[PDB]
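Reviewing the structure listed below.
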Amino acid sequence: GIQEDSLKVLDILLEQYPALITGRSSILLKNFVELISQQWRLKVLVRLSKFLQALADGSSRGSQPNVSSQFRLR
Amino acid sequence: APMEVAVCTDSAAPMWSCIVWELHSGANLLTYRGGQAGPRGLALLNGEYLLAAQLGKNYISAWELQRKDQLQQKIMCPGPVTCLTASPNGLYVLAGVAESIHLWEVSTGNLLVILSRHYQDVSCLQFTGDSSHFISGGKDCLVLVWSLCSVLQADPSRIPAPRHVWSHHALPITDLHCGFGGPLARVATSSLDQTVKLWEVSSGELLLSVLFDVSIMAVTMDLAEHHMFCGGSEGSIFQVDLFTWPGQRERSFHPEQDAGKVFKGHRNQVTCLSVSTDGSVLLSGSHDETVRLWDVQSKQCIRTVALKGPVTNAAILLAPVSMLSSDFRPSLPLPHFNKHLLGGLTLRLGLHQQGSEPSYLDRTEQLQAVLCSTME
């Protein structure tokens, strides 16, 4: 019950500032795997797709010399 | 000093069919007698044979350079020949039949491949100045860049495809000019939609889209790509300056100056242009039965040689040893050009070392070494 309470919180602030949720994700993706590793698993998957959609939506949103080179001595 | 000639042909041919007259003297050098020529249908082969197409008929004549009379060899094609072009080295003769791009070989005489991608007639055929690529364009508003390597060593069951498909025009093409180079050259295709575009043959990209007022029917460029003399459908010979470069990709002529960059004096179309070597006299044909030389530096006429009937082909060459000499029997006879699709090379050896003979000091040193060795 504690985990499902926190899981609801994630859907709350996801709507309002969807861009900045993906900044410090790192750990959170693992946490989704940790609990799962039926119906309880289903409710996790509802916003897990919304979670993965956040990265996709967040990340998605002659006459010039053309002489700049990308070779670097490093 | 070198010698510059100006090959001219007329579409009526009452007496002559290809008159060669000196540039700065106006005197005749060589004439030829035979059937009428064809637009974009003249090409010197190896500097020895003057092949020419035929207007309307489907075959190609062949004149030996030092002979006023037609030879008995006639290249035959299964359809109306439209344009012809011989490769600069002289190894390959390539002609266009209806929509096909029939390709021959001068050495053996075979017919290697018959390429066929245009959807309508082919009305221009040019070879890049090192005979590595040949650009073909036709009345389907398409300009294709083939490659002499891929279209020769392709499997009989591989149907070779063009390297680049340039489709930006909206009306039939009329002329091309492939500059020096090879895989670094630049093409200057021109269509009937009042545009003259300069492409790149290395990557295949547009570079310039000058839009004129009247339909362009001939484009030529200075050998160093300094000027782009685009003909007109009314008589004017417009001139674009590629080294001033206002700095855009889609220009327009009237904002690009006027009345000081236009050759005038013609009364009909100009389906012929060619710039001399140094770049100071421009030769232009027309449809008003006149071939006149210009003065590109000062936009003035020099002479107004008048042919009979419309002018089909006109260009300025650098007179080879053939025209200067009086006999010059050709090195190799023209073979039997086949008309059906297919080792045995026919060539003269001992030409990769011409002049690589020992010098005087080398022979003297060898003789002295022999003497010294004999003394010991």
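Going by Swiss-Prot, the residues shown for chain B are 3-344, 355-388, listed in order.
Recorded method is electron microscopy, 3.6 Å.
Using the three backbone atoms N, Cα and C, a Cβ is placed for every residue, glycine included.
What Swiss-Prot records for this protein:
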type: REPEAT; residues: B:36-75; note: repeat 'WD 1'
type: REPEAT; residues: B:78-116; note: repeat 'WD 2'
type: REPEAT; residues: B:119-158; note: repeat 'WD 3'
type: REPEAT; residues: B:170-211; note: repeat 'WD 4'
type: REPEAT; residues: B:213-257; note: repeat 'WD 5'
type: REPEAT; residues: B:267-306; note: repeat 'WD 6'
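DSSP labels the residues of the repeat 'WD 3' (B:119-158) in these numbers: 0 helix, 14 strand, 26 coil. Only residues 6 or more beyond the boundaries of the repeat 'WD 3' (B:119-158), in the same chain, are considered here, and those with a CB under 8 A from a CB of the stretch are 42, 84-91, 93-94, 96-98, 100-103, 105, 164-169, 171-185, 187, 189, 191, 193, 201, 203, 206.
For the repeat 'WD 5' (B:213-257), the DSSP-based tally of helix, strand and coil residues reads 2 helix, 13 strand, 30 coil. For the repeat 'WD 6' (B:267-306), DSSP puts the residue distribution at 0 helix, 11 strand, 29 coil.
For the repeat 'WD 1' (B:36-75), the DSSP counts in helix, strand and coil order read 0 helix, 14 strand, 26 coil.
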